[PDB]
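A single chain comes next, written as structure tokens; it is the form deposited in one PDB entry.
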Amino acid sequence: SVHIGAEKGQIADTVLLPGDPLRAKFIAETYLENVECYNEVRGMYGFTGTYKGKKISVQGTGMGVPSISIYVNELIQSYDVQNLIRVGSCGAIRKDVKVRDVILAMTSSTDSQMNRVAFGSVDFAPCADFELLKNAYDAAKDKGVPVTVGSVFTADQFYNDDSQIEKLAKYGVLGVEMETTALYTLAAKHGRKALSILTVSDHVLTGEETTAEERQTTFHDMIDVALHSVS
């Protein structure tokens, strides 16, 4: 639509959703064959190509609920996208979340008002598609890549003075990022399938960072789990 300059057919049934349009470029060129780039609108690149003879697209989302909602909306409405898989990172908020872990979000908490706007006095708990969830999980187990299944927290403010993540951590939440709630909610709304796969960028509470070498490895594992889940 408005935000994606592609012709129908240029986008696959399955799309991967990095936040960074350069991580989109990177993924495609490193992982896929016969790459075509279908969108340059706003520099939020989308690429279609193939992986083991099966078409896969990879589309930047931007940061925040309102940005990804745009792309997820159009991908669904204008291009009949069936599987949508966020591949990104999160800030870990618990010691037991290890920097090599690969996270599969079952659900997500949020301070985005997107759902309270739709639902009023209902707390809508979004939900990953289980078939995709299990595939990814199996793909990880099969190869021995360390994986954790629980929830994340989709923030509106990266810099947030009134952050309640200390309380979210006690309730089991694994980490913070900025897209999952939007993804899971829009996909379910339109009878599509979605899943969010995440790496640990750093520990937000211990302030402790992860090295460029740790980031590259888990990144590659993430893409692997995503691609192998779709085989």
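The first residue of the sequence shown is number 1, and the count goes up from there.
Just so you know, the form deposited with a small molecule bound exists too; it's not on screen, but the next bit is about it.
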| query | finding |
| --- | --- |
| Candidate stretches 26 to 34, 187 to 195, 169 to 177, 45 to 53 - the one whose heavy atoms come within 4.5 Å of the small molecule in the entry with it bound | 169 to 177 |
| 4.5 Å heavy atom contact, residue 69 and the small molecule in the entry with it bound | no |
| Heavy atom of residue 130 within 4.5 Å of the small molecule in the entry with it bound | no |
| Close approach of residue 124 to the small molecule in the entry with it bound, 4.5 Å, heavy atom | no |
| Close approach of residue 148 to the small molecule in the entry with it bound, 4.5 Å, heavy atom | no |
| Sole residue of 104, 90, 140, 81 within 4.5 Å of the small molecule in the entry with it bound, by heavy atom | 90 |
